[PDB]
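Analysis of the macromolecular model
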Amino acid sequence: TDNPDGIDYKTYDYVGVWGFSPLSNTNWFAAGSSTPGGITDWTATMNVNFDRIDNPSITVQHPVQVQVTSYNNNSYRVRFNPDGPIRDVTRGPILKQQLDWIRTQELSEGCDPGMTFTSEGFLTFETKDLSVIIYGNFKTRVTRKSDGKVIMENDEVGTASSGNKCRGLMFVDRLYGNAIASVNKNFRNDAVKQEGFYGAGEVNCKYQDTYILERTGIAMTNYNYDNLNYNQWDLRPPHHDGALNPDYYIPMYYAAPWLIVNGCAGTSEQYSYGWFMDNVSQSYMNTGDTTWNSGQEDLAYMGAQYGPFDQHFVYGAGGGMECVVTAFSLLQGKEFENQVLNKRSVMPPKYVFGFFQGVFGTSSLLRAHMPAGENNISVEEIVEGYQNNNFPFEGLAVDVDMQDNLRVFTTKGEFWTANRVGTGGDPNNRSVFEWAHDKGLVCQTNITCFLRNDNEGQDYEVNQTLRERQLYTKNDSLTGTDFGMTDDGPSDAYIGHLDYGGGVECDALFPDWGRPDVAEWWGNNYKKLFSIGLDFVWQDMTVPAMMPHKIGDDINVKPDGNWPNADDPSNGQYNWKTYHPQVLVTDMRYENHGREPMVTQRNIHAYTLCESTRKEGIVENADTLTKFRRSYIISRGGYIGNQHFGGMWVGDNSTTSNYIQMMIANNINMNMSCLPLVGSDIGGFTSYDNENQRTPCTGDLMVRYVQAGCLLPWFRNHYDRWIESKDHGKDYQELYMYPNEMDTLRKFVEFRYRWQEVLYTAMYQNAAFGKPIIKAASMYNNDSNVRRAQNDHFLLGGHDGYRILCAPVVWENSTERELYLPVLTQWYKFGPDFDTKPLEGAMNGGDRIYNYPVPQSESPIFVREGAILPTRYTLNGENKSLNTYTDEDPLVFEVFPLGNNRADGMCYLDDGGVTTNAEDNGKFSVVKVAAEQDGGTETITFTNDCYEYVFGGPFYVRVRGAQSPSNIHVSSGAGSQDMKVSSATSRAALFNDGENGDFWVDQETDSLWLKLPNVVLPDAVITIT
Ligand SMILES: [Cl-]
């Protein structure tokens, strides 16, 4: 049952954007005509005649399904399979069960798309706000009902005399190829529309010297790659001379065949739609790039090396690009499972929003057991540097260093306090993770799916059981390709090589994920780590990222780094730094459907890995977790839909301004690709100094790195550390190693920690509603200037997710930047210093300030009027990890100056992930707050949408711009009472000694503080007079 559909696989090698050219028409089929093929449920079939564009007398027929996926959220889908019957994927972001759930709900509400074939055979249907017509040759126009504006239309190509063929549906004649493509008209050059294309995951694009956000006029590809520095040499265009810089034609780590098109921006006729080509073979997105003749300025397309064809058009309910993101997340949602919390993604433990330090190149837990070696460092020293210097510090990313000889799921003695491996729970021999718990820390650790194979006769149970149970990918192909063999065997296994450089390497087997049993086996391995104290998972090398290899060479031998190239191409010999693509893997798209060459599904491997970790590792083995029952995954690879397994970090970046610019753009783009919990190594991962690789990141670049990342969702300083036994990397990078900048560095981490609830509540808004945490500037509506600012201005936080504006400096040795403030609102300069002083005067939205001053010690961060933000403080005033906060560490609702006499706020509350009762049983709370000024009376109202988690400590209201009141009354189901002036005359004293029902006039910061008892949190009317 290998190759059950009888495909002839014509192409195995990577094919750059330079070699993908559907608009050349040659050997491509396109839709030429059709007849109606019936409608069942919300799915119409059209029986489409595909004609060869270059010889239209050559013709073949395939059924094409047109399916309304949501009436209310204005989305539909087009799918066909030129290779066999249309088939529902059993694994992936979009599942039939969820589509069914959506349709069932909408039907029960009376939604009627009115899907009909006209007498002429044209298909027409409506969604809430749209109407669609599809003509005989599949020509499609999507019209918005309110104004009659056509907001999307696909493309037609002419032929000499055989009629117009619609390139909206294309595939290569199977005599020649396997590729597919779909082409729209692209209005980027239209003077009024000025369409811009956004999204596409982690792709980097340079314009002049600057990395930018928008992805218009460019040819992109998804081909998950071990792309260290984002510019791997083997990924260069044909005959490329000189340095290869990160740029748009280079694949990254996450597969995101996803674009959001935004036209008429900032105007009342703005429109936005998403375009998802749901394909896990190498895919392409060309937004009008003429380079290599890959595209045409006025056309846009998506395509892929292999079928099937399955495409979603997602317009969203409300107006604005954000609404496209929320609608896309619904299609991928888990409502069909009746998730009480995790509808659009999975909630992390609170601790995931802490500051972590990772080091590649530690050599022990304790100094007392650190082996001598140039620049060697113990985990203990790192923890001391942060804690002794009073940094808010969450814990560690422990790398492959801790393993016994790169055996995943193991540790070695040096990473235990008594210098020997225990089974856990021994107070006189604690593992790195147990010891870390005692420091108030939590840890992630590096897990890949390389199971070391060259063990020189030493027992390695994980590899042994994989062999015995035959769960490893075999060495079979349809091409008779010899993938190589070692003395270790087995004789039928696919054997690869892991290479961390500097001699840190090993042979490996890999799990054949598509097999039944593999996922359960994998997940069970995590018990070996959870039972010794591991908190969460750091998933690496997920392509799987194998050492480059050429067929015929030894498994441990890599090719010359210049190979392959245009003059000496791969010709089916290169592995493209993963599985040689000929390898037969058990199908990961369709269960119990046989094996297919990996080329058909490269981009689903990392996704399937994370899925197995999540379900069979983290969830099924939750009982074996120690301190926190909720866990999480931070992954390096994945595919649309990864957000239900965990978050991401953008792989191996480096230490320059350009990587800061990239980190910001990556974060915004990933967020709009429905992966919200993402970040990039703070300070940069690899060496940057070409003359001496060991030179650390400068103090100024570090300050800017930290400032730019301090409110981004995943915040970890991690780097490659030069040590004697791994002689590549930088000397150090830890924030405490920068004495001159230490105070600034510390205060930005403190600032993040104070806004821990702003982040956590935004994550809740993602899990519940699919709202991206980080907003692209163009998500701010009715503003014709945000587009210009979108490279480095972003928003987050508050009730609506647009209460905070960030515009970090993205250049070293720079103390000014061009600032744009979104229009139709007021802004307040904020940041680390403003907790302890008054706000400055309001800044008018719409203002553009050239050379806006930004000292090194500052970053441009602004709170919008009408924000009430939940803010946290430690009771004793010392910095501690998030995971060791209790409800006795004050929760404070900070009321910023009112917008139109009003302010609003929201706070999600649960036990931080100590248990999984929030997501399993609905044990969480959602508190809302409002402030209203009505003459001489301010009313501050607390209500709840649910209150299943009881906050155990007093909470506060801090009103900015208020001082001494005549009276404050508090009404609440618990008690109705007047407040009294506190005898405490400072904040520490109000916190520690102040009585419930005290107010404190804070002159230093022009704030009024109300101390209230916990019982009044879910419901209260506070009237200040
Ligand atoms: Cl990866």
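Structure determination for this entry is recorded as X-ray crystallography, at 2.06 Å resolution.

**Focus: the domain arrangement of the protein chain**
Taken domain by domain, the protein chain holds domain 1 (1-318), domain 2 (319-806), domain 3 (807-877) and domain 4 (878-1025). Once you take the C-alpha centre of each, domain 1 and domain 3 turn out to be 40 Å apart.

**Section: empty space enclosed by the protein**
Picture a little ball the size of a water molecule; that probe, rolled over the atoms, points out where space is still empty. Counted by the stated rule, this structure contains 13 cavities of 30 Å³ or more. Space inside the largest cavity adds up to approximately 160 Å³. Surrounding the largest cavity, 15 residues form its lining, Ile7, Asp83, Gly307, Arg589 and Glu596 being those nearest its centre. Counted by class, the lining of the largest cavity contains six nonpolar, four polar and five charged residues. Among the domains, domain 1 (1-318) and domain 2 (319-806) are the pair contributing at least three residues each to the lining of the largest cavity. In this structure, the second largest cavity encloses a volume near 70 Å³. As for the second largest cavity, its lining consists of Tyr76, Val78, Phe138, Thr140, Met152, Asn154, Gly168, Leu169, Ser182, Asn184, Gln311 and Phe313. The set of elements that each furnish at least two residues to the lining of the second largest cavity consists of β4 (75-80), β11 (165-172), β12 (180-185) and β22 (309-314). Across the lining of the second largest cavity, the residue classes tally to six nonpolar, six polar and no charged.

**Description of the packing of helix α9 (residues 657-672) against helix α10 (residues 699-709)**
Put simply, α9 and α10 touch, their axes get as near as 10 Å, and they point 0° apart. Compared by their axis directions, α9 and α10 come out roughly parallel. In this structure, α9 contributes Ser657, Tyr659, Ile660, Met663 and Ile664 to the contact, and α10 contributes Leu701, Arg704, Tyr705, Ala708 and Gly709. Its residues placed into classes, the contact of α9 with α10 shows seven nonpolar, two polar and one charged.

**Observations concerning the sheet that holds strand β27 (residues 496-499)**
Strand-to-strand pairing in sheets goes through backbone hydrogen bonds, with the strands running parallel or antiparallel. Strand order in this open sheet of three strands is β26-β28-β27, and the pairing throughout is antiparallel. Among the strands making up the open sheet, the edge pair consists of β26 (451-452) and β27. Here β27 runs beside strand β28 (residues 505-509); their pairing, made up of four bridges, is antiparallel. Residue pairing across strands places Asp499 opposite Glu505, the latter belonging to β28.

Thresholds, definitions, all that
- Residues numbered from 1 in each chain as written, not as in the entry; some residues may be left out.
- Heavy atoms only, no water.
- Domains from an automatic or database assignment.
- 1 Å grid on protein atoms, 1.4 Å probe; cavity = no way out; pocket = protein on both sides within 12 Å on 5 of 7 lines; lining within 4 Å.
- Points joined across faces, edges and corners; volume = space filled by probe spheres on them.
- Nonpolar A, V, L, I, M, F, W, Y, C, P; charged D, E, K, R; others polar.
- Helix = DSSP H or I, 4+ residues; strand = E, 2+ residues; numbered from the N terminus.
- Axes fitted to C-alpha atoms, helices over the stretch in contact; angles between N-to-C directions.
- Parallel < 35°, antiparallel > 145°, perpendicular 65-115°, else oblique.
- Contact = heavy atoms within 4.5 Å.
- Pairing = 2+ DSSP bridges.

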